[PDB]
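Student: If you read the protein sequences in the order shown, they are chains A, B, C, D, E and F. Heads up: the first sequence is residues 108 to 141, 150 to 166, going by the deposited numbering. Heads up: the second sequence is residues 312 to 321, 321A, 322 to 361, going by the deposited numbering. Heads up: the third sequence is residues 31 to 141, 150 to 185, 187 to 309, 312 to 321, 321A, 322 to 398, 410 to 457, 463 to 505, going by the deposited numbering. Heads up: the fourth sequence is residues 517 to 547, 569 to 659, going by the deposited numbering. Heads up: the fifth sequence is residues 517 to 547, 569 to 659, going by the deposited numbering. Heads up: the sixth sequence is residues 1 to 52, 52A, 53 to 72, 72A to 72H, 73 to 82, 82A to 82C, 83 to 100, 100A to 100F, 101 to 224, going by the deposited numbering. We put the CB at the ideal spot given by N, CA and C, even for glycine.
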Amino acid sequence: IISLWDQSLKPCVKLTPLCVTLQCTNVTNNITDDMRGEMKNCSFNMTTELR
Amino acid sequence: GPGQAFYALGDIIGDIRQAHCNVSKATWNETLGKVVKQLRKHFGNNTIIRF
Amino acid sequence: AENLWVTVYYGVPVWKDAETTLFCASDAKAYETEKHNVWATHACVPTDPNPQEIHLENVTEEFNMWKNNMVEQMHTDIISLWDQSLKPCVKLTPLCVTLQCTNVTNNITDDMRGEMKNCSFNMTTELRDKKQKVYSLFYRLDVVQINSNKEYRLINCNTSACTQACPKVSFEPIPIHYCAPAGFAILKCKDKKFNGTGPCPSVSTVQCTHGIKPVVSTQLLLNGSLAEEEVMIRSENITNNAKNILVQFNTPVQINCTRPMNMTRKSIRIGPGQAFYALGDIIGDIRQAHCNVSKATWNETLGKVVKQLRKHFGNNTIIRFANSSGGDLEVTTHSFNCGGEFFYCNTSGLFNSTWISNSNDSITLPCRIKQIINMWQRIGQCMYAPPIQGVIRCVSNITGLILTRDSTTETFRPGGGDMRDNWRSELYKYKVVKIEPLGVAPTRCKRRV
Amino acid sequence: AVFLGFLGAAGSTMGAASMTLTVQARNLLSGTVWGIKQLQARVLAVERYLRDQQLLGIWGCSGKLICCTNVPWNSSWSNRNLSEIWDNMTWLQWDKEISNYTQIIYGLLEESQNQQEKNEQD
Amino acid sequence: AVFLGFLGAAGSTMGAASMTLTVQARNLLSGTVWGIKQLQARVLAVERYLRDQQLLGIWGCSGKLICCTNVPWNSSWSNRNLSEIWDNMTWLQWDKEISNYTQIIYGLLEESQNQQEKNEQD
Amino acid sequence: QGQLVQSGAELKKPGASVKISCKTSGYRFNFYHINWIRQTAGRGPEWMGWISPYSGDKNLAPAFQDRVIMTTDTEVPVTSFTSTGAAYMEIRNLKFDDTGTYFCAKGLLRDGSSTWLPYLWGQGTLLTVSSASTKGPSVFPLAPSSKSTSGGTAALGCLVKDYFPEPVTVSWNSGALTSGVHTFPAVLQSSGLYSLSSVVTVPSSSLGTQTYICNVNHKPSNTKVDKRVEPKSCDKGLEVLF
Ligand SMILES: *[C@@H]1O[C@H](CO)[C@@H](O[C@@H]2O[C@H](CO)[C@@H](O[C@@H]3O[C@H](CO[C@H]4O[C@H](CO)[C@@H](O)[C@H](O)[C@@H]4O)[C@@H](O)[C@H](O[C@H]4O[C@H](CO)[C@@H](O)[C@H](O)[C@@H]4O[C@H]4O[C@H](CO)[C@@H](O)[C@H](O)[C@@H]4O)[C@@H]3O)[C@H](O)[C@H]2NC(C)=O)[C@H](O)[C@H]1NC(C)=O
Ligand SMILES: *[C@@H]1O[C@H](CO)[C@@H](O[C@@H]2O[C@H](CO)[C@@H](O[C@@H]3O[C@H](CO[C@H]4O[C@H](CO)[C@@H](O)[C@H](O[C@H]5O[C@H](CO)[C@@H](O)[C@H](O)[C@@H]5O)[C@@H]4O)[C@@H](O)[C@H](O[C@H]4O[C@H](CO)[C@@H](O)[C@H](O)[C@@H]4O)[C@@H]3O)[C@H](O)[C@H]2NC(C)=O)[C@H](O)[C@H]1NC(C)=O
Ligand SMILES: *[C@@H]1O[C@H](CO)[C@@H](O[C@@H]2O[C@H](CO)[C@@H](O[C@@H]3O[C@H](CO[C@H]4O[C@H](CO)[C@@H](O)[C@H](O)[C@@H]4O)[C@@H](O)[C@H](O[C@H]4O[C@H](CO)[C@@H](O)[C@H](O)[C@@H]4O)[C@@H]3O)[C@H](O)[C@H]2NC(C)=O)[C@H](O)[C@H]1NC(C)=O
Ligand SMILES: *[C@@H]1O[C@H](CO)[C@@H](O[C@@H]2O[C@H](CO)[C@@H](O[C@@H]3O[C@H](CO[C@H]4O[C@H](CO)[C@@H](O)[C@H](O)[C@@H]4O)[C@@H](O)[C@H](O[C@H]4O[C@H](CO)[C@@H](O)[C@H](O)[C@@H]4O)[C@@H]3O)[C@H](O)[C@H]2NC(C)=O)[C@H](O)[C@H]1NC(C)=O
Ligand SMILES: *[C@@H]1O[C@H](CO)[C@@H](O[C@@H]2O[C@H](CO)[C@@H](O)[C@H](O)[C@H]2NC(C)=O)[C@H](O)[C@H]1NC(C)=O
Ligand SMILES: *[C@@H]1O[C@H](CO)[C@@H](O[C@@H]2O[C@H](CO)[C@@H](O)[C@H](O)[C@H]2NC(C)=O)[C@H](O)[C@H]1NC(C)=O
Ligand SMILES: *[C@@H]1O[C@H](CO)[C@@H](O[C@@H]2O[C@H](CO)[C@@H](O)[C@H](O)[C@H]2NC(C)=O)[C@H](O)[C@H]1NC(C)=O
Ligand SMILES: *[C@@H]1O[C@H](CO)[C@@H](O[C@@H]2O[C@H](CO)[C@@H](O)[C@H](O)[C@H]2NC(C)=O)[C@H](O)[C@H]1NC(C)=O
Ligand SMILES: *[C@@H]1O[C@H](CO)[C@@H](O[C@@H]2O[C@H](CO)[C@@H](O)[C@H](O)[C@H]2NC(C)=O)[C@H](O)[C@H]1NC(C)=O
Ligand SMILES: *[C@@H]1O[C@H](CO)[C@@H](O[C@@H]2O[C@H](CO)[C@@H](O)[C@H](O)[C@H]2NC(C)=O)[C@H](O)[C@H]1NC(C)=O
Ligand SMILES: *[C@@H]1O[C@H](CO)[C@@H](O[C@@H]2O[C@H](CO)[C@@H](O)[C@H](O)[C@H]2NC(C)=O)[C@H](O)[C@H]1NC(C)=O
Ligand SMILES: *[C@@H]1O[C@H](CO)[C@@H](O[C@@H]2O[C@H](CO)[C@@H](O)[C@H](O)[C@H]2NC(C)=O)[C@H](O)[C@H]1NC(C)=O
Ligand SMILES: *[C@@H]1O[C@H](CO)[C@@H](O[C@@H]2O[C@H](CO)[C@@H](O)[C@H](O)[C@H]2NC(C)=O)[C@H](O)[C@H]1NC(C)=O
Ligand SMILES: *[C@@H]1O[C@H](CO)[C@@H](O[C@@H]2O[C@H](CO)[C@@H](O)[C@H](O)[C@H]2NC(C)=O)[C@H](O)[C@H]1NC(C)=O
Ligand SMILES: *[C@@H]1O[C@H](CO)[C@@H](O)[C@H](O)[C@H]1NC(C)=O
Ligand SMILES: *[C@@H]1O[C@H](CO)[C@@H](O)[C@H](O)[C@H]1NC(C)=O
Ligand SMILES: *[C@@H]1O[C@H](CO)[C@@H](O)[C@H](O)[C@H]1NC(C)=O
Ligand SMILES: *[C@@H]1O[C@H](CO)[C@@H](O)[C@H](O)[C@H]1NC(C)=O
Ligand SMILES: *[C@@H]1O[C@H](CO)[C@@H](O)[C@H](O)[C@H]1NC(C)=O
Ligand SMILES: *[C@@H]1O[C@H](CO)[C@@H](O)[C@H](O)[C@H]1NC(C)=O
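#1: Compare the Cα-Cα distances from residue 304 (chain C) to each of C:228, C:43, C:439 and report the closest residue.
#2: Beta-carbon separation of residue 117 (chain F) and residue 82C (chain F) under 7 Å?
#3: From the DSSP output, which residues share a beta bridge with residue 103 (chain F)?
#4: With a cut-off of 8 Å on the beta carbons, I'd call residue 2 (chain F) and residue 25 (chain F) a contact; round off their distance for me.
#5: For residue 388 (chain C), name the three-state secondary structure that DSSP assigns.
#6: Is the beta carbon of residue 614 (chain E) closer than 7 Å to that of residue 646 (chain E)?
#7: Would you kindly work out how many angstroms separate the C-alpha atoms of residue 503 (chain C) and residue 519 (chain E), rounded to a whole number?
#8: In the DSSP assignment, find the unbroken beta strand (DSSP E) run with residue 154 (chain F) in it and report its ends.
#9: Please tell me whether residue 128 (chain C) has its Cβ less than 7 Å away from any Cβ of chain A.
#10: Among the candidates C:430, C:138, C:224, C:463, whose CA atom is the shortest distance from the CA of residue 110 (chain C)?
#11: I want to verify the contact list: residues of chain D whose CB lies under 7 Å from the CB of residue 72H (chain F), in sequence order.
#12: Which residues mark the beginning and the end of the beta strand (DSSP E) in which residue 608 (chain D) is found?
#13: For a test of your reading of the model: does the CB of residue 388 (chain C) fall under 6 Å from any non-hydrogen atom of ligand 12? Yes or no.
#14: Are the stretch 474-492 of chain C and the stretch 249-258 of chain C in contact at 8 Å, needing three or more beta carbon pairs?
#15: From residue 253 (chain C) to residue 37 (chain F), what distance separates their C-alpha atoms?
#16: Please determine if the stretch 324-341 of chain B and the stretch 444-454 of chain C are in contact, where contact requires at least 3 C-beta pairs separated by less than 8 Å.
#17: Under 6 Å from any heavy atom of ligand 16, does the C-beta of residue 152 (chain C) make it?
#18: Using a Cβ-Cβ distance cut-off of 7 Å, determine whether residue 624 (chain D) contacts chain C.
#19: Let me confirm a value: residue 132 (chain F) is counted as buried when at least 16 other C-beta atoms fall within 10 Å, else exposed. Which label applies?
#20: Can you say whether residue 200 (chain F) is buried or exposed, counting buried as having 16 or more other CB atoms within 10 angstroms of its CB?
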């Protein structure tokens, strides 16, 4: 199951430039202070089709 | 890019409420008894098994 | 009286139709074209010095060139070998930097847009921080703009990260033979007037095919084997217009294609070790890549072909010809490789005709050149053709067409949409069979006590 | 000597094709993208060879070529005369007509051998 | 006909398991992450088959199933009576008890064949 | 298991173009031999010669050693075993003792001491060696008659009178009514002209439910008469049933 696992991911997309710093906030809501906000909404700089 | 395509999440459509799981209480309250019934054949005819 | 008894027989001449895993064969001379692995062979078993064929007398077998397997097999194989040859070579992943381009150095004739472009760009050096200002030239098809004053980017940077072919390998189509494993057979239909399908009267058996070279092109099958007696056409459904009409030749019409520009290959290092092979300045005049076909020879061969159309479309009909309808470069033009560059040649010139029958001259042809190719549905890859230094001239035989057809009268248009048909052109003579030598029979015999 | 060639007697009459039986058996064995292809083929060769050899072994024959057994010819297996077969038909024709009932005969030719061996010894 | 099945006579008495000997021999051969697995297994199949077939060949037998030889039964190889074995024991039991001295017997059954052949010819 | 086609032949004078062809179906055309035989009313059944389509070896009888020529054509396959060929024969020196039907018949099997013995036969092509001129058939309709009053069975047909030479073909409804048909031989009159009759037996209850069209085809004169036979009879033993 492990071998098949890595073999299925060998040709797929690597996120090596997805480690750019992120700028995040809590999600769009009437926050109930108790819930910390399970999701986050984040802007980041990403490289385009050109380097 | 190039060709590499990150599949991000976008905005949310609808209310907010987490992922949950449902198990019928009665069925489980019966199966747990069925299991403890087989524990006592290992831990003495009359013992108490907490969880 | 006598009662028959089964007797067991080994090595009975009985086969069954099947497919299997076939393997190559190369000429002994070909392993001396070393050129550091010219594309296929480096690991292939030599071809027999004394090959043999066994004419299966009295035998009849039903071929089906369209329902073959060595075509699907060969087609997937050429792709596999294709990616395997580019796995160790140089990837252009940082060659998607923005470019700053102008038209080429000339007294522009306003009509011509300028087929090439001269471009400065920032490139990374052998060190990850310092950068350069190198200049290179690109063909019109490779680049596309975004709007500083003007700019450009490579057309591949929005589709796929590409890899450059090592300029060490060659693309020469060498004769490859397809041989069968042990306990298997390949049947050769030695029938002159064979239309590919059905019972071939005289059949022979052979282990390996004759030398079939991977000449890959569109609308024009090149360098293959001509028909023996008459130009015989082959099509799955002559009635269903949506099926390509593969045409085989009887005379090899001669074609001479060149690119006159004497060129520069400047090795731009984008380190470390990675070495982009850019084009440099141009040495000499400017005039595109063209193709020459003798008008008279083609005006005669076309008659020879239409003569065989009328045996399908009525004793007395009119067959017009037109150029491609519309689509990509790979479909509407004469996509092929010669000497290292990929020509896309307009086919409108040859298809000028209309057929009403019941000195020295040539028909010059105008080709565009591409380097960044996306060959195949989308599964070749995108690959940068390393620029060739010098003048590139090749002479070739044309041996067939890949036609298509659009009800008063009917016209024909060049196709070549899919690459399997190219192999089906020369792979029509062969079929694969399992050998099953367990023949049980009755005879008047009992086993000893 | 008569040597038409490998499979050369596939279209000749079955009696005539009995004359060339050693040539077909001889060439049956014929003892990195390309590598996996070649190797795979080279394994399926010995497997296709050893299946038929295994059968020819467990039918007691073991001896290459024509081999007799004490199985009665159930006439329903395409009843024709002997002169109607060994002077007329060819092996492709033949195995086609017999293909239906082939498997049953392979099954019968199994079991009879074993009993023979067993009580033969003893 | 009696067909208990492949290995069906592994728990029956050895005499009774002599009755089913063709079924086990039949199914012994049974003629990219997954690919290397499958292929490796498919090679070890023919190797395990050809080792035992090689032995059955160089003991002069060559003939499938029960095969006699002129080797004397050294009684120390689990001395029991014949009725004490072929009406009572099962083949797993048996080969377990005989497992100790097996290799020696395989060695002896080698050498005697050869001399037989040699002077038999000549 | 296939049937061999034999080509019908023109009446011919002691000199004229002479040939008869033969077609095939449902067999491997080059294995089996091809034997020719001719049955005249004066000398009996006589074997002429045989020829193999694969090799081409003809062995003729000395009685046809210098006046008959045999020919075979090329095979046109259908499947891996079955095929479709043909073979002609031209018998020159047309004497009057040659008058009479004659045939094609192929060999039995491919090998042995009985390779060519004729197992599968043909339909039959008929000659008439005659200086006498061709004559067309006078096709009259024959009136139905009572075969059984209690069982309700009748008979109706056509009469082909005064034709030369043999033969004349007679069909029904372009080939629809073949059950109960009985065609009688033609007698030659004291003049040189034949005459035959023909009658199919059909029930008496079929009047406006089936059309009866006797199609008399005579090829040497190129005439096709399509007579309509009336289902109303004139017998006083069948009128009891209508
Ligand atoms: C349909 O079929 C025709 C004919 O079959 C075919 O035309 C052939 O085209 C190719 C190239 O397009 C031609 O190949 C070239 O041949 C010559 C030299 O070959 C001869 O040279 C020696 C000299 O003694 C002879 O003795 C010997 O026998 C050879 O026959 C050259 O022009 C080419 O050499 C270069 O290109 C090849 C790699 O691409 C290598 O063969 C060779 O190493 C050379 O590469 C070198 O070029 C670099 C330039 O700077 C150099 O720096 C490197 O070191 C590099 O190694 C080439 O071999 C062939 O001759 C034509 N046919 C004939 C009969 O001559 C058509 O192409 C074909 N159709 C299609 C679509 O392909
Ligand atoms: C492909 O398939 C075809 C047809 O199925 C095969 O051709 C047939 O082959 C068989 C043999 O297997 C033939 O049967 C034999 O027939 C011969 C011929 O008869 C003799 O008489 C002829 C007329 O008098 C004469 O023309 C013949 O001449 C030939 O022979 C020699 C050379 O061999 C020479 O004279 C010529 O060059 C001709 O070629 C011939 O002399 C006959 O002699 C045989 O009888 C003997 O053999 C049988 C056993 O086969 C035996 O039982 C007899 O008692 C006798 O001893 C035998 O009948 C057959 O005639 C061929 N033709 C057909 C069937 O139409 C062909 O062989 C297949 N090819 C392959 C590669 O297998
Ligand atoms: C996660 O965080 C991101 C932030 O990056 C959010 O994305 C932004 O979402 C907001 C909505 O909350 C977007 O703001 C909207 O933009 C629309 C598009 O504007 C265009 O057109 C207008 C003129 O029509 C131009 O002025 C402008 O330049 C654009 O060209 C506007 O149409 C919207 O206006 C509507 O809302 C206002 C609110 O006051 C009303 O007053 C108006 O009348 C009108 O109804 C609105 O301004 C913003 O564009 C998004 N930016 C990006 C980069 O995506 C995600 O929404 C957020 N998601 C979650 C789940 O938290
Ligand atoms: C694609 O576009 C690129 C632009 O990046 C072009 O490359 C430039 O090409 C021009 C020629 O058109 C080059 O200009 C020439 O530079 C030569 C080298 O200069 C060195 O030496 C001089 C002193 O000798 C120093 O001043 C200088 O700093 C350098 O150290 C000069 O020798 C040339 O001078 C000649 O031409 C002038 C033209 O007026 C005459 O007046 C002179 O007398 C003399 O004959 C000339 O200046 C330029 O250097 C190239 N730059 C780069 C980065 O390559 C490609 O040519 C162009 N290609 C195509 C096909 O369009
Ligand atoms: C993403 O990139 C933006 C520009 O697209 C950057 O914005 C800079 O932010 C710094 C403050 O950290 C300012 O001093 C600069 O003037 C901004 N503009 C520049 C550098 O061009 C920033 O680095 C990134 N912002 C994120 C990750 O939230
Ligand atoms: C899990 O889901 C299934 C289906 O959604 C539930 O089964 C349904 O139960 C109702 C009765 O309350 C029936 O009317 C439906 O026909 C059932 N559906 C099916 C597909 O059988 C089940 O109750 C759920 N269990 C829990 C614990 O939530
Ligand atoms: C390539 O890099 C050069 C520097 O080698 C860059 O030149 C800059 O151009 C911008 C205008 O777009 C000026 O504002 C800067 O002052 C220039 N110098 C810098 C940033 O050091 C430029 O980004 C690139 N030029 C191309 C691609 O033509
Ligand atoms: C192009 O076609 C010509 C035929 O005009 C080929 O020349 C023949 O080649 C074959 C062997 O392939 C020889 O047997 C013939 O004798 C040659 N003919 C003549 C007139 O010399 C030529 O080889 C073809 N070139 C290719 C396929 O690259
Ligand atoms: C294309 O241009 C190059 C120049 O870069 C030519 O190479 C020269 O060739 C001559 C003789 O052929 C030599 O004497 C020079 O030394 C070469 N120059 C260099 C820089 O190597 C080449 O010949 C030209 N090609 C053609 C077909 O004219
Ligand atoms: C294709 O090229 C060949 C060779 O360059 C041309 O053949 C030459 O024709 C001339 C006559 O005009 C002869 O004198 C030469 O001997 C030929 N050369 C060879 C190698 O045979 C041919 O004419 C060209 N064809 C086209 C259509 O341009
Ligand atoms: C096929 O040839 C026709 C000419 O017969 C081309 O039609 C011309 O297309 C251009 C577009 O680039 C127009 O400007 C012209 O007006 C068209 N001419 C006519 C007479 O309609 C057509 O583009 C060609 N197509 C291909 C794929 O080659
Ligand atoms: C292929 O050739 C045809 C004709 O040789 C080209 O069609 C010409 O298109 C231009 C406009 O691009 C028109 O001005 C000409 O009148 C057209 N010529 C004719 C004869 O109609 C065509 O552009 C070429 N290229 C392609 C891709 O089809
Ligand atoms: C097909 O060929 C014809 C002629 O061979 C070309 O027709 C030209 O048509 C224009 C006006 O329509 C005339 O002015 C030219 O004189 C014609 N040519 C000649 C040689 O007379 C036509 O353009 C060709 N079609 C393509 C697509 O190339
Ligand atoms: C290939 O040719 C053969 C004959 O030359 C074709 O077979 C015949 O096809 C016609 C109709 O086209 C039928 O009426 C015949 O009955 C066929 N004969 C047989 C023996 O089947 C065949 O269809 C052709 N196929 C192709 C793809 O061209
Ligand atoms: C986000 O949620 C955290 C949860 O602890 C909370 O403390 C914080 O104030 C929130 N920030 C917002 C709503 O900007
Ligand atoms: C480059 O060529 C195009 C072709 O349309 C032309 O419009 C443009 O003016 C040219 N630019 C130059 C010569 O700088
Ligand atoms: C060929 O096409 C016609 C109509 O386009 C279709 O009816 C037929 O089934 C197709 N295949 C044949 C004739 O084998
Ligand atoms: C040559 O071409 C012209 C038109 O280009 C055509 O009319 C003529 O028929 C052709 N010659 C032959 C012999 O086909
Ligand atoms: C022998 O042939 C008959 C013919 O119908 C068949 O029913 C029978 O099953 C066959 N024998 C065996 C053992 O199957
Ligand atoms: C036979 O059995 C005896 C029992 O002790 C043993 O010692 C002897 O080695 C055996 N024979 C051989 C040849 O080993």
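Tutor: On the basis of the coordinates in this document:
#1: Taking residue 304 (chain C) as reference, the option from C:228, C:43, C:439 with the minimal CA-CA separation is C:439.
#2: Their beta carbons are not under 7 Å apart, which means residue 117 (chain F) does not touch residue 82C (chain F) by this criterion.
#3: F:93.
#4: Confirmed, about 4 Å.
#5: Per DSSP, reduced to three states, the secondary structure at residue 388 (chain C) is coil, with no helix or strand assignment.
#6: No. Outside cutoff.
#7: Taking the straight line from one Cα to the other gives about 24 Å.
#8: Bounds of the beta strand (DSSP E) holding residue 154 (chain F) are 151-154.
#9: Closer than 7 Å to some Cβ of chain A, the Cβ of residue 128 (chain C) qualifies, so yes.
#10: The option with the nearest alpha carbon to residue 110 (chain C) is C:430.
#11: Going along chain D in sequence order, the residues near residue 72H (chain F) (Cβ under 7 Å) are 630.
#12: Per DSSP, residue 608 (chain D) belongs to the beta strand (DSSP E) from 604-609.
#13: Yes; taking the cut-off as 6 Å, the Cβ of residue 388 (chain C) has a heavy atom of ligand 12 nearer than that.
#14: When C-beta atoms of the stretch 474-492 of chain C are compared with those of the stretch 249-258 of chain C, three or more pairs fall below 8 Å, so the two segments count as touching.
#15: Using only the alpha carbons, I get a separation of about 59 Å.
#16: With a cut-off of 8 Å, the stretch 444-454 of chain C and the stretch 324-341 of chain B do not count as touching, because too few Cβ pairs lie within range.
#17: True, at least one ligand heavy atom lies under 6 Å from that Cβ.
#18: Chain C contact via Cβ: absent.
#19: It is exposed - the Cβ of residue 132 (chain F) has fewer than 16 other Cβ atoms within 10 Å.
#20: So residue 200 (chain F) ends up on the buried side.
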